[PDB]
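1. quick one: experimental structure and sequence below.
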Amino acid sequence: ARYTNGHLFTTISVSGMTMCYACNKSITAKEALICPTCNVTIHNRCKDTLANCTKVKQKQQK
Amino acid sequence: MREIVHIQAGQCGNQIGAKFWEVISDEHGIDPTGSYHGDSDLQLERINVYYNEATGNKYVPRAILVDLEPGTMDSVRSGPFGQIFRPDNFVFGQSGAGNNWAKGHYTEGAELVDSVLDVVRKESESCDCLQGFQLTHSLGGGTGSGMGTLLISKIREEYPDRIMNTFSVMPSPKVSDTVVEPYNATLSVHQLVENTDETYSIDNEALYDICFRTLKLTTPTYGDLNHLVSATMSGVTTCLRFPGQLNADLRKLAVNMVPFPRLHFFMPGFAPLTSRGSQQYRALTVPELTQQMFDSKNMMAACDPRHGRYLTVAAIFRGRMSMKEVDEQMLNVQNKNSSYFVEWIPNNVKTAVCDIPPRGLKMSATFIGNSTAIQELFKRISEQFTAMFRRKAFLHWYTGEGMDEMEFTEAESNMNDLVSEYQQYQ
Amino acid sequence: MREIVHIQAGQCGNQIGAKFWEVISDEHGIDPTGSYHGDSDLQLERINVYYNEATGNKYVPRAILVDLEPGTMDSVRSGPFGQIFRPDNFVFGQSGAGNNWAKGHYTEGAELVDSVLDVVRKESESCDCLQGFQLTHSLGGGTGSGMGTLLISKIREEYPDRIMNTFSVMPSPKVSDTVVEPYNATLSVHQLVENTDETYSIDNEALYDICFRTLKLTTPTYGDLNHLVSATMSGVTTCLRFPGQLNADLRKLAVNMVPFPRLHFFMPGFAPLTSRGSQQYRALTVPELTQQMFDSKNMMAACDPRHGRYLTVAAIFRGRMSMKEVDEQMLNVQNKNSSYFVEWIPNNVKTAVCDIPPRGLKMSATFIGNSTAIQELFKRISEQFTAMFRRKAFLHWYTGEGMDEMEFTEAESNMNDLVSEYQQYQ
Amino acid sequence: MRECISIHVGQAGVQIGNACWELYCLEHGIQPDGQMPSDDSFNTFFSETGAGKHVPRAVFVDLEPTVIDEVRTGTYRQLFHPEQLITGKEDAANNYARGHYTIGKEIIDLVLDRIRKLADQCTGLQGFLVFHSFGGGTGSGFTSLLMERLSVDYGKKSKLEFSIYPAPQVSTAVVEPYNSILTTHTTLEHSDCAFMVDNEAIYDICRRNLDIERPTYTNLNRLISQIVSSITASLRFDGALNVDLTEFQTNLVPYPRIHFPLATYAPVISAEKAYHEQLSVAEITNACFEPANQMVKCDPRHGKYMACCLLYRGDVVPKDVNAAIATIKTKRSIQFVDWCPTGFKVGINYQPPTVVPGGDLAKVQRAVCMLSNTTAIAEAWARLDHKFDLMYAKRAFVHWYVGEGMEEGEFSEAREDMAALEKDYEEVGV
Amino acid sequence: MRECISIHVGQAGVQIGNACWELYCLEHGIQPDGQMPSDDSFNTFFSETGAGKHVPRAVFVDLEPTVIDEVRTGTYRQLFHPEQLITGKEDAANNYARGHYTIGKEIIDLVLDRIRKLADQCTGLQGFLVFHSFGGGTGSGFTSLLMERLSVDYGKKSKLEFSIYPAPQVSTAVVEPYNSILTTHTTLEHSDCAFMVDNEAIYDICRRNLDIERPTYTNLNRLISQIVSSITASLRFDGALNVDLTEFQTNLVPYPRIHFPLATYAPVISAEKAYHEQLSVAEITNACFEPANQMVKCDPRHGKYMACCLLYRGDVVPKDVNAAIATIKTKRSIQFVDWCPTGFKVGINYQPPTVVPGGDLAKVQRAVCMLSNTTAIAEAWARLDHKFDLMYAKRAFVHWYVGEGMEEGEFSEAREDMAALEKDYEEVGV
Ligand SMILES: CC(=O)O[C@H]1C(=O)[C@@]2(C)[C@H]([C@H](OC(=O)c3ccccc3)[C@]3(O)C[C@H](OC(=O)[C@H](O)[C@@H](NC(=O)c4ccccc4)c4ccccc4)C(C)=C1C3(C)C)[C@]1(OC(C)=O)CO[C@@H]1C[C@@H]2O
Ligand SMILES: CC(=O)O[C@H]1C(=O)[C@@]2(C)[C@H]([C@H](OC(=O)c3ccccc3)[C@]3(O)C[C@H](OC(=O)[C@H](O)[C@@H](NC(=O)c4ccccc4)c4ccccc4)C(C)=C1C3(C)C)[C@]1(OC(C)=O)CO[C@@H]1C[C@@H]2O
Ligand SMILES: Nc1nc2c(ncn2[C@@H]2O[C@H](COP(=O)(O)OP(=O)(O)OP(=O)(O)O)[C@@H](O)[C@H]2O)c(=O)[nH]1
Ligand SMILES: Nc1nc2c(ncn2[C@@H]2O[C@H](COP(=O)(O)OP(=O)(O)OP(=O)(O)O)[C@@H](O)[C@H]2O)c(=O)[nH]1
Ligand SMILES: Nc1nc2c(ncn2[C@@H]2O[C@H](COP(=O)(O)OP(=O)(O)O)[C@@H](O)[C@H]2O)c(=O)[nH]1
Ligand SMILES: Nc1nc2c(ncn2[C@@H]2O[C@H](COP(=O)(O)OP(=O)(O)O)[C@@H](O)[C@H]2O)c(=O)[nH]1
Ligand SMILES: [Mg+2]
Ligand SMILES: [Mg+2]
Ligand SMILES: [Zn+2]
Ligand SMILES: [Zn+2]
C-alpha cells in the first residue's frame, strides 16, 4: 500500500494546538497523517522527510 | 403467401421488436387499435405477411413475446402500441435470467420453452405458406443470449426447411454494459453459427457513431437506436410485401450472399440518413444514396470494411428510379473499390428495386454486406473471453446451473474455427 | 462544363471569398436564400460554373470554408450571405494558428488537412468536367500562409493536370499588421512558386491608394478592399460564364500569360473606377477605359510598373463594344509605350471580349499584367526576412513545432532565385 | 411480484431501517401511517391490504426493547404490523456469544416464523436485505444465528447485506474486533454480496461536501438509505437498463468468496453549493472514483478495481454514461485487473432522487451510485485483524465469551478464516 | 470555445480582479448576482449554468482570510463559486519562503484541483491570466509555487501574467527587492508574457490627465482592468483585425526570455477635458508614445523599441491607423531596432470602451492600448537589483527567509539569474 519510509499513514481530523514530528512547527489545516505504530502526526508535506518506522518507534521508546 | 413468424427475447430484443412493429404498422397504415386506416391498396395486398386478420377488420401481429421477467412485458403492453398484440402470446415467467446464459438455456426458462413452442406452433399452423422465422434478441446478458438460441435450436429441429433470420445486438468493448458479456456471446454464437441461416450482427457503438457524426443528435436514447435497427429490419423484407422491378425473397438473398454454409454473419446499413438541419441541402438521387450507402461510417458494426473484403453485398432499393442508373452505380463502386472485394467471385453486388419507398422519403436503400472484416468483431470477443476463462473468473455462477467448462472450451474452439474460416478467404 | 472548386483559408481569404460570393450572386441573380430570382436566361445558362443545383431549384455555392478558429466562421455564417453555404464544408478547428506558419503546415492544420481534402473530393466528384481550383488566402499570418500552401500541395498531388489559380493578399512595408509577416511570406511563396499555375498578387497599400486617389473614399474599410479584389475575381472568370466575341478560358489565359514555367505571379486591375460625385463627368468609352486601365495608379499592387517591363498583358473587356476599337487601342498602347514591353515578344497583349458587362455598368475592363516590376514585391520581403533571420529573432516559436532553420534558408534561396529569374529578362 | 424481505437487527440496523422506510414512504407517496392518497411500483417493499393500507415487508428484531419501543411510539407506529416488531428481554451487552448461543437462541423461532409468514405472501420473492452492525453484540450474534437458518430454509434466494464496519480511529466499543472476526464466518459462508460501510468516511464526507461541521447518526442514516434506495430503484421503477437483483450479483462477484464490494453515492452536495455548478453526467461519474467520496476509509489507489456497477438514476442519457466511462478508462490512476477487460456494469433508471424534506442533501436531477469490488478493501481488514492479534495474545476479554457457552477455539478458527480471506484478495490481485 | 482562466493571488491581485470582474460584468451586461436580463460573447470568461446564471471562470486565492472575506461579503458575493474562493489560515507576512515553501504548500493541492475542474469544463482553453504583486509575500511565493505546477500540467497552454512592480521612490515594504528578485525565476522560466506595471506612474497619470490630486488604489485598478479588457476585447467581440492570444505573443516575443513588455492605454482623460478636444485616431495614436503616458516609470527614449502591439477598439478605421503609424515611424524619437523593420502589430475591434459609472474616466468613441517590448525596461531592473545589492551585502533581513526552509544560496542564484536577463535585454540592443 504505502511504506514511503516504512509505515502506514491514514487521515485524521486534527484540532487545537499541534506540531509536526519533523518540522516542529504548527499545522494549520484540518488534515494530518498518523502511523498507529509510531504514534506521530505530520503536515502531509513532510511524509518522505521522516526516518523509517523502526527508527522512529525505537526513538519514541526512550 | 410467404408468411413470417415473429419472436422476441430479452429486454433489447423486446424493445427493438416493439419499435419494429411501430415502423411496419406505420408503413401499412394500421391504427394503434389494430384497425386499418391506410391510403393505398398495396398496403393491404400483402398485409397477411406480418398480421393475422381478425373479425371487425382487425389485424393482430404474429408476434410471440418471450421474456423471463414481467417488467419488459408490462413496459411494452403499457407502451404506445401494447394493446395491438394478442394477450395469449405473452409467455413469461417471474424470476429473471440474472444475465446468466446457463439460467436461460438449462434451468429457469427451460421450463418456459415448452409453453413457447406450443404458441409458436399455433401461429405457424394458422399460416397459409410459411417462409421463415424472424427473431430479435441480444447476445449480451442471459435472457436473449440463452433463451433466443435455445428457441432457435428447437424451431430449427421442428422446421428444418424454413429460413431462419435473426437480428442480434452484440457487444463492443468501449460500450460494455455488462461484465460477463464475452461468456454469453461465445456461448450463443456457438449455436448461431450452426442453426441460423442468416444473422444480422448489430452493435451499439456504430449506432451511436451514426447518431453523432451523421444525424448530429445531441442526446440519442436507445429509442433512436431501435429506430435505426428497425429501419433495416423493415427494409430487408420489403421485396415480399410490395411490387417491384426486381423481386428478391429472403431465400433469394441467402442463396446469393452465402457462398459457403457457415459464413452467414451479416452487416446491415441504411440510406439516406441526414441531420435535420442539412436535409434541405442534399439531393436524394441514386448516386449520393450509393455513395453514402457504401461509406464505412454507415454500417451498423464497429468493424471498418477497409480492414477486409466483401464476399457478397445486397442493395434493396425502394422508390422510383432508373434500372440503368442502379446497375451503373453498382458496377462503378465494385470497379473503383476493386481491392475491397474478393476477386474469385466475378460479381459481388446483388440489386433489388421496389416501387414503394418509405413514407416521407422519395427514395431509400437498405444495405447488407457479408465482409471478412466482421472477423474483427468475432476475434475481439474471444480475446476478451481468453482474459477471463484462463483464470476461471465468474465461472461458479455458470457451473451452479449444471454447466461445464468443457462446453466453454468447445464454444471458444468453434469461435477460433469461425474466425479462421473468415480469415482464410480474406 | 468547366466547373471551378473554390476554397477559403484564413481570415482575409474568408472575408474576400465571402464578398466575392455576394458579388457573383448579384451577377447571377441568386437570392441570399439560394433561390434564383434573376432576369435573363444567360444568368442561368452557366449557373453550374460556381453553384451546385439542389432540390427546389436552389443553388448552393461549391465552397470549402476552412479555418483554425471558429470566430471567422461564426462571422461569415451570420453575415449577409452566410446562410447560402452548405453546413458540411464549414471545416474548422478550435486552436488557431497564432500567426505561426509551422502551426498551419505541420501541427494544427496537418490534422485538419485530411478532413478538408475529403470534402474537396466530394465537390470535385460532383463536377461534370472540373477545370481548376480557385483558392483565396493571405500570405501574412499563420492560417493562410501555411494551410493554403499545404492544401495547394495536396490538391496538386491528387489533381496534377487541372489549373491551380490562387489570389493572394501579401505584405507591404508601410501597411504591415503583423511582425512576423516576412518569415511567413518567404515560407509560403516557396510553395506557391512550385505548385500554382496562376497567382494574383494583391496589396492593401495599393488598394488604399485606389480608395484615396481614385475612388476618393473618406473612410475606406476592409469591406471596400474586399470589394475591389472581388471585382477582378469575378472579371477573370467571365469568359466561361457568359458569351463573347473572343472567349478566353483560364487555361487560354495561362498559356498566353506564362511564357516560362515559374513567371506566373500576376498584377490585377479593374476599370472603370470613379468617385461617386464625378461619374456624371466621365465618358466611359473604350479609349478612356484603356487609359485608366494602364495607369500605374490603377493597379492593385504597390509595384509601379515604370521600373520594369511587361512580359504579357491580358485585357478581359465586358459589354457591347467595337472589336476594331479594342484592337486599335491595344495596339497604340503597346506601341507608344514600347519601352515598358519586352521586345522579344512580338505581341504582348491578349484581348478577350464578353458580351455581358457587370450589372449597373455599360462596359468594363479587367486587367492582368505579368511584369518584371513585381520583383520589387519579391525582393522587399526578402530584405525584411534577411533583417530578422540574421539574428534568429522569433525563430523559437517556429522551431518549437518541429521546423528547422534549414527550411528557412532554402525558402530564402528559392526567393532570391525567383527574383533573379524575374530580373534576368529586364 | 419481485418482492424483497428487509430484516433489521441491532440498534444500528433498526435505526437505518427507520431512515430507510422513511425514505421509501416519501418515494412512493405513502403516508407515514400507511395509507396512500390519490401502478404496483410499491409491490416490491409494501404488501397491500383491502382497507387501502400498505404494510411494509419488514421485520425489526432487537434483544433489548428500547429502540423498538421507540419505533412503536414514534410517528411510524401505525406503519408496521405489530407482531413483526419483535423484542426480547435482555440486552446482548456487546457479546457475540450471548447473541448467538444463549439469549438470541430463544427469540429465533418467532423471527423465522414471521419471515415465513412474510414469504408466503410473496409470488416472486427475490432475496433478503439484512441490515446490521459488525461491532454490535446482537448485530453479530443474531445475524449469524439467523443467517445459518435462512441459508438452509430459503437457500436459493439471494441475500444482500448492509453492514457498518469498524473504523481506523473512530470506535465505540472495545471488543469490536472480536465481534467482527466472529461475524466473518457468516459473511463468508452464508452470504452472496455484503456492503461494508464506515462511520468515519461518511463523517469526513459530510464535513467536506455537505458543509455541516457536526452531524448526528441521522445524517449517516439518511445517506445509507439513499444508497439502498438507489440499489432497489431498478426493481421498483422502469428504466433504460433495469438491473435484476441476481444479475447484480453475477456482475459483482468474480469468485465464490470475493463478495465484499465498496459502495458510494454522488452527488453528495449541500443545497447552497448546488446552485453554482452544473452536475453533468461526466462530473458525477468522475466524483465516484475520487478517494474523497468512498464510504470506507481505504485508498482505492492502493488496490485494483475488479468490478464496478454504476447505477444511474434520474435524467441520465446513455451517451453520457458511455462518454464518462471512456474518460474513466483513459485515466492511469484508476487501475483495473488484467483479467476483467469489460469492467463496468451500467444500469439507468428514470426516477430522480427524492429529498427528505427535513434533510440536508440537495435536490438534483441526476444521481449515480457506484459499487466497486476492489482489492483495496483488503487493507481495511489488515487493519482490524491486527487489532485482534494484540488482544487475544493476552487472552484479554475472553472470559466473558467463554463464560456464555462459547468455545475458545472458535477464536483461533475465526482468525484463521480471515487469514484465508485477506490472502485471497491479494492472491487475485496478481 | 476560446476560454481563459483568471487566477488572482495576493491582496493586490485580488483587488485588481475585483475591479476586472466589475468591468467585465458591465461590459457584457451581466448583473452583479450573475443573472443576465434581456451571442456567446461572454463565453470566454463566464460559464453558463442551466438556471440562466453566469459564473466567472476565476480562482481567488489569498493565504490570509481578510481580502477574500471582503469579496465574500461585498456586492459580488453571489457572483463567484463559493468553493473557488480559497482562503488559508496564516498570513504570508511578506516572506517569499512562507508563501512558497511553508504555508502555501498546504493550499497548492486545493488550488490545482480548482484549476483542473475549471479546465475540464473548458472546451477550447488557451491560457492563463495570473494577477499578482511582486512586493507581496503571497504574490511572489505562491505564484512561484503555482506557475511551476501549471508549466508541467498544462505545458502547451499560454500563460499571461499581470504584475504590480516596485517603483523608483514609492514603496510600501522594506524587502520588496528580495521578493521581486526571487519572483524573477518564475517569470523567466515558466511564463510567456508578463506585463509590468507600477503604482507611481499611474499616480502621476491621475495627477496630470485625470486631474485628481490624490487617488486611491481603486483608481489604479480601474485602469489596469481597462488594459486587460482592451487586451481581451479582440477575443470577446468581432473586429476587423482580431488578434489571437497566441498571435499576440508571436508578434510580442522575439527571443525566449525577452517577454516583459510595457503596457499603456489612451486616451486617459477626465470627463471635463474631453469636451474641449476631438480625440481622433491620430492624436490617440501619438498619445501612446510620449514618456508621460507610460505605466512604468521609465523613459522610452532611453531604450530602443523592439515590438509594438496597437490594439484599437471603437470607432476606428484602418486608413487612419496606417496614417498614424506612418507618422510614428516618421518621428526620430520613436526609435526602433534595426533588425525589426515591421515593428507594429495592429488589431482593431468594433466595441468601444465601457465606462464604469462611478469611475473618473471619460466616455470616448475610440481607445488604443499599446503594449511594447522595448529595451528601456532594463533600466527598471537596473534600479531594483541595486536596492538588493545594498541589503544583501549586509545580509540585512535574511534570517527570516532562512528560518522558513529557504536556502541562503538561492539569493545569489537569483541575483545571478537577473544578471543574465538584464544582459540579454542589452545584448539585443546593438
Ligand atoms: C421531411 C423529411 O425529410 O423528413 C424526414 C427526415 O427529416 C429525415 C432526417 C429522417 C427522420 O428520422 C429521424 O429523425 C431519425 C432519428 C433517429 C433514428 C432514425 C431516424 C424522420 O424522423 C423519419 C421519417 O421517416 C419515415 O417516416 C420512414 O417511413 C420511416 N418511419 C419512421 O420514421 C416512423 C416514425 C414514427 C412512427 C413510425 C415510423 C421508415 C424507415 C425505414 C423503413 C420504413 C419506414 C422522415 C421521412 C423524416 C422524419 C419525420 C423527420 C431520417 O429517417 C428516415 C428513416 O428516413 C433520419 O435521416 C433520415 C433522412 C430524412 O431526411
Ligand atoms: C450609376 C453608377 O455608375 O453606379 C455605379 C458607380 O457609381 C461606380 C462609381 C461604382 C460603385 O462602387 C463603389 O462605390 C465602390 C466602393 C468601394 C469599393 C468598390 C466599389 C457602386 O457602388 C458599384 C456598382 O457596381 C456594380 O453593381 C457592379 O456590378 C459590381 N458589383 C457590385 O458592386 C456589388 C455591390 C453589392 C453587392 C453585389 C455586387 C461588379 C463589379 C465587378 C464584377 C462584378 C460585379 C455600381 C453599378 C455603382 C455603385 C452602386 C454606386 C464603382 O464600382 C464598380 C465595381 O463598378 C466604383 O467605381 C466604379 C464605377 C462606377 O461608376
Ligand atoms: N451510521 C450509524 N451507526 C450506528 C448507529 N447506531 C449504532 N451504530 C453503530 O453500530 C456500532 C456498534 O454496534 P451496536 O450499537 O452495539 O449494535 P447492537 O446490535 O445493538 O449491539 P448490542 O446492543 O450489544 O446488542 C457502532 O460502530 C455504532 O457506530 C446509527 O444510528 N447510525
Ligand atoms: N494598484 C494597486 N496596488 C496594490 C493594491 N494592494 C496592494 N498593492 C501593491 O502591492 C505591493 C505590495 O504587495 P502586497 O500587498 O504585500 O501583496 P500580498 O501578496 O498580499 O502580500 P502578503 O500579505 O505578504 O502575501 C505594493 O507595491 C502595493 O502598492 C491595490 O489594491 N491596487
Ligand atoms: N439497441 C438497444 N440495445 C439494448 C436495449 N436494452 C439493452 N440493450 C443493450 O443490449 C444488451 C442486452 O442486455 P440485456 O437485455 O439487459 O440482458 P438479458 O435481458 O438477460 O438478455 C444490454 O447490455 C445493452 O447493452 C434496447 O432497448 N435497445
Ligand atoms: N483586404 C483585406 N485584408 C485583411 C483583412 N483582414 C486581414 N487582412 C489583412 O491580411 C492579412 C491576413 O492576416 P490574417 O488572416 O489575419 O492571419 P491568419 O488568420 O493567421 O491567416 C492581415 O495582416 C491583414 O494585413 C480583410 O478583411 N480584407
Ligand atoms: Mg443493542
Ligand atoms: Mg496579503
Ligand atoms: Zn512538517
Ligand atoms: Zn511508523
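-> Noted; the coordinates are in hand. Numbering: from 1, shown residues only, chains lettered A, B, ... in the order given. Ligands and ions are numbered 1, 2, ... in the order given.

2. and the residue in the stretch 251-400 of chain B that chain E sits nearest to, what does it touch?
-> Residue nearest to chain E within the stretch 251-400 of chain B: residue B:277 (18.2 Å; C-beta to the nearest C-beta). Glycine gets a C-beta too; all of them are placed from N, C-alpha and C. Listed by C-beta atoms under 8 Å, 6 or more residues apart in numbering or on different chains, the contact partners of residue B:277 are B:216, C:87.

3. residues of chain A that sit close to ligand 10?
-> With C-beta under 5 Å from the ion as the criterion, chain A comes near ligand 10 at residues A:7, A:35, A:37-38, A:53.

4. what about the residue in chain B positioned nearest to chain D, how many neighbours?
-> Nearest to chain D in chain B, going by C-beta to the nearest C-beta, is residue B:98, at a distance of 3.3 Å. Other residues near residue B:98 come to 26 when the count uses other C-beta atoms under 10 Å in any protein chain shown.

5. can you tell me the helix or strand for the residue most central in space within chain D?
-> The structure's chain D has its C-alpha centroid closest to residue D:162; by C-alpha atoms, centre = their mean the separation is 1.9 Å. With elements taken from DSSP states H and E, the one containing residue D:162 is strand D:158-165.

6. hmm, who's touching that strand?
-> Counting by C-beta under 8 Å, 6+ apart, D:12-13, D:16, D:126-135, D:147, D:150-151, D:180, D:187, D:190-199, D:224, D:227-228, D:231, D:245-246, D:249, D:296, D:380 sit against strand D:158-165.

7. what do you get if the cut-off is 6 Å, keeping everything else the same?
-> Applying C-beta atoms under 6 Å, 6 or more residues apart in numbering or on different chains, the contact partners of strand D:158-165 are D:12, D:127-131, D:133-134, D:191-198, D:245-246, D:249.

8. is that strand in proximity to ligand 3?
-> Yes. On the criterion C-beta under 6 Å from any ligand atom, strand D:158-165 is in touch with ligand 3 at residue D:164.

9. run the angle between the next helix-or-strand element following that strand and strand D:158-165 for me.
-> Remark: after strand D:158-165, the chain's next helix or strand is helix D:176-189, criterion DSSP H and E. Between helix D:176-189 and strand D:158-165, the angle comes out at 160 degrees (axes from the mean of the first three to the mean of the last three C-alpha atoms, to 10 degrees).

10. which elements pack onto helix D:176-189?
-> With contacts defined as 3 or more C-beta pairs under 6 Å, 6 or more residues apart in numbering or on different chains; DSSP states H and E, helix D:176-189 has these neighbours: helix D:137-153, helix D:377-393, helix D:409-427.

11. for the next helix-or-strand element following the second one, buried residues please.
-> Past helix D:377-393, heading to the C-terminal end, the next element that is a helix or strand (DSSP H and E) is helix D:398-402. When neighbours are counted by 16 or more other C-beta atoms under 10 Å in any protein chain shown, the buried residues of helix D:398-402 are found to be D:398, D:400-401.

12. is it true that the residue of chain B closest to chain D touches residue D:247?
-> Yes. Contact criterion C-beta atoms under 6 Å: residue B:98 and residue D:247 qualify, at 4.7 Å.

13. from ligand 4, how far out is the one residue in chain B that gets nearest to ligand 10?
-> Among all residues of chain B, residue B:391 sits closest to ligand 10, at 35.7 Å; criterion: C-beta to the ion. Shown here: residue B:391 relative to ligand 4, a distance of 57 Å by C-beta to the nearest ligand atom, to the nearest Å.

14. show me what contacts residue 4?
-> No chain specified, so I'll use chain A. If a contact means C-beta under 6 Å, 6+ apart, then residue A:4 has A:47-48 as its contacts.

15. try chain B instead
-> The neighbourhood of residue B:4, defined by C-beta under 6 Å, 6+ apart, consists of residue B:134.

16. may I see the buried residues of stretch B:288-304?
-> Residues of stretch B:288-304 classed as buried: B:288-294, B:298-303 (neighbour count, 16+ other C-beta under 10 Å).
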